[PDB]
């Protein structure tokens, strides 16, 4: 089995998008990954202090990359990271067997673990959710697993009873969580895993949960590191120092920079177009370069992209200040 345990998931779990070439929004484009930018981006996350790197969740366009793009992208990221920090390759398909087959191959390319959502053509209940992760874990026992708890994408919030059983699977070392967006669930799920799984809130509410549960909530995830990771690594140091006033001030800065991300403040509307909106944010922040999104997620109200671009520009100023 894997050597990675919950103890290895600390600090900033950075999630990067997949850089794209200018024709990436055309169905006739066979290979749309900018591998040069993928390598420089992954290296910049390491040099920027990111503690764990993950690829190809929702905004990384796990849904819309071909298999050849995904494996080549992951291979490039793994090679650029060069063993400096753990790398979890995002592997999510419509069924258990395809996910196992992808995950086996991604492990063979040097990924240290798998960042795994679940099939969503139909929703899975807690019984089916647990069965799915147990199946993946037993089939690829060498890979650590980060559970992808995205209620909107996968048609349901993972139940606290499911978290109890998932914490008995040794391969499950962390879960990407919604934090306060799921409300009371984070705290219930936290008790359920009983320190056996690192529950990752967003960096915008890491401080709240870390102050309340400092020995357990020692890590966050951030989908913003590709806009500049210095605000999030600075938050990690402030939390370690238990500098709560500064943690609160910085959390307000982070939330203020992302204020325009959700159209009219509506979260559910943002999720309908999250791939497109995040793509505009990554372009505008200027920390990395990337083209358009892949088919079919190329349509979006223009005002939503404006919100994303303003969030990117505001985060760029935070990156400049804290670099």
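Positions refer to the first chain, counted from 1.
Checked against the record, the higher mean CA B factor of 192 to 200 and 116 to 124 lies with 192 to 200.
Legend: mean Cα B-factor per stretch from the PDB entry, 180 to 188 versus 107 to 115; the higher mean is in 180 to 188. Per the deposited record, 269 carries the highest C-alpha B-factor of all listed residues (61, 51, 269, 278).
As recorded in the entry, 260 carries the highest CA temperature factor of 293, 66, 55, 260. Split the chain's modelled residues into thirds by C-alpha temperature factor. Residue 12 is in the lowest one.
When the CA B factors of the chain's modelled residues are split into thirds, the value for residue 237 lands in the middle one. When the modelled residues of the chain are ordered by C-alpha B-factor, residue 168 sits in the highest third. Per the PDB record, residue ranking by Cα B-factor puts residue 243 in the highest third of the chain. Among the modelled residues of its chain, residue 307 has a C-alpha B-factor that falls in the highest third, as given in the PDB entry.
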